[PDB]
Amino acid sequence: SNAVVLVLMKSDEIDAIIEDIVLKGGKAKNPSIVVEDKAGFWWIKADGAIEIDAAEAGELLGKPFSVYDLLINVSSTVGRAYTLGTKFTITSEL
């Protein structure tokens, strides 16, 4: 039902940034966003439109990382993920 989640493979640093970056950000237009962290798994869940990228994975291995990383981390693609050459995004309604 609309509900959509964003899932990454980071964690740790997120609960910190999700908090100072999303806690409030997901508190304005966002009704209430959850923040999951699994030692190398940044799983966040929102009820609108969440953003996500893969460039970082490139600075890490610097190869298909853009996607090989989005594919392994976007596993929670639920509402698919519109890509943007360098960054993609997962949402629900059009």
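Structure notes:
- Mean residue ellipticity (222 nm) of the chain, computed from DSSP H runs ≥ 4 via -39,500 (n - 2.57), nearest 500: -3500 deg cm²/dmol
- Extension gain from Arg80 to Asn2, taking 0.36 nm per residue of separation minus the Cα-Cα distance: 26.9 nm
- Within the chain, the proportion of C-alpha pairs whose separation exceeds 15 Å stands at 58%.
- Here the chain is treated with +1 on each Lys and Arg Cβ and -1 on each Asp and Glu Cβ, and its dipole about the Cα centre works out to around 300 debye.
Values quoted throughout were computed directly from the atomic coordinates according to the rules given, and no laboratory measurement underlies them. Note: ideal-geometry Cβ built from the backbone for every residue, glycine included; neighbour counts use all protein chains shown.
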